[PDB]
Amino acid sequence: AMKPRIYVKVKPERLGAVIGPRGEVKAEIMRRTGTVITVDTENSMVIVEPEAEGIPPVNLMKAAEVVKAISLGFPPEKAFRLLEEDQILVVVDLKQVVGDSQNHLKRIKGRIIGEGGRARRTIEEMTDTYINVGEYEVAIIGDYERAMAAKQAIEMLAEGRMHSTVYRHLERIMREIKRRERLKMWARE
């Protein structure tokens, strides 16, 4: 029977994380969204379907986003954040910057992560987002504006900008976002 179906290609090395021990992870995703998730181990492909026709698109789409987030490197616990209202997944493909250069990729990942993971944590704290630096993809989870702010900061670091430069810029962007939110709130109540 025809129904909405979202196919999600999963990195082979992450299929176990998506399924979870005894299938506990996919089971939990299914439980919270009202979806049915089928796994094709040989093709490392996951199919997300609604359990009933009345399951809304957002439930199906977010279930698929959680799977994509785990595939990208996020542990299930962090990926589940995508089930929350207004949370989205944004990805920065570092090869768009350094192409196929392994050495350049390693160097920029060093800048993005920072000594002791200080750079990655600073961006996460400033934007209130979860950031995962995978093989060559940096995945970000947060609301639209904050995720886009983090994306920009990550791109700036991948391009060689000083850390202080990036933080100062992010500071301006985030103070603007929060100020606007506070004013909208004040104005409403």
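Throughout, we count residues from 1 along the sequence that is shown.
**Asked** If you average the Cα B factors in the entry, which is higher, 116-124 or 45-53?
**Response** Stretch with the greater average CA B-factor: 116-124.
**Prompt:** Looking only at CA atoms, which has the higher mean B factor in the entry: 30-38 or 153-161?
**Reply:** Looking at the recorded C-alpha B-factors, 153-161 comes out higher on average.
**Request:** Could you say which of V97, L72, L82, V92 has its CA atom at the highest B factor, as listed in the PDB entry?
**Result:** Of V97, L72, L82, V92, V97 has the highest C-alpha B-factor.
**Prompt:** Taking the C-alpha B-factors as the PDB entry records them, is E135 in the lowest, middle or highest third of its chain?
**Reply:** As the PDB entry reports it, the C-alpha B-factor of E135 lands in the highest third of its chain.
**Request:** Using the B-factors in the PDB entry, rank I177's C-alpha atom against the chain and give the third, lowest, middle or highest.
**Result:** For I177, the deposited C-alpha B-factor lands in the highest third.
**Asked** Should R111 be placed in the lowest, middle or highest third of its chain by the C-alpha B factor in the entry?
**Response** Ranked within chain, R111 CA B lands in the middle tercile.
**Request:** Rank-wise, by C-alpha B-factor, drop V8 into the lowest, middle or highest third of its chain.
**Result:** Its C-alpha B-factor, which the entry lists for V8, ranks in the lowest third among residues of this chain.
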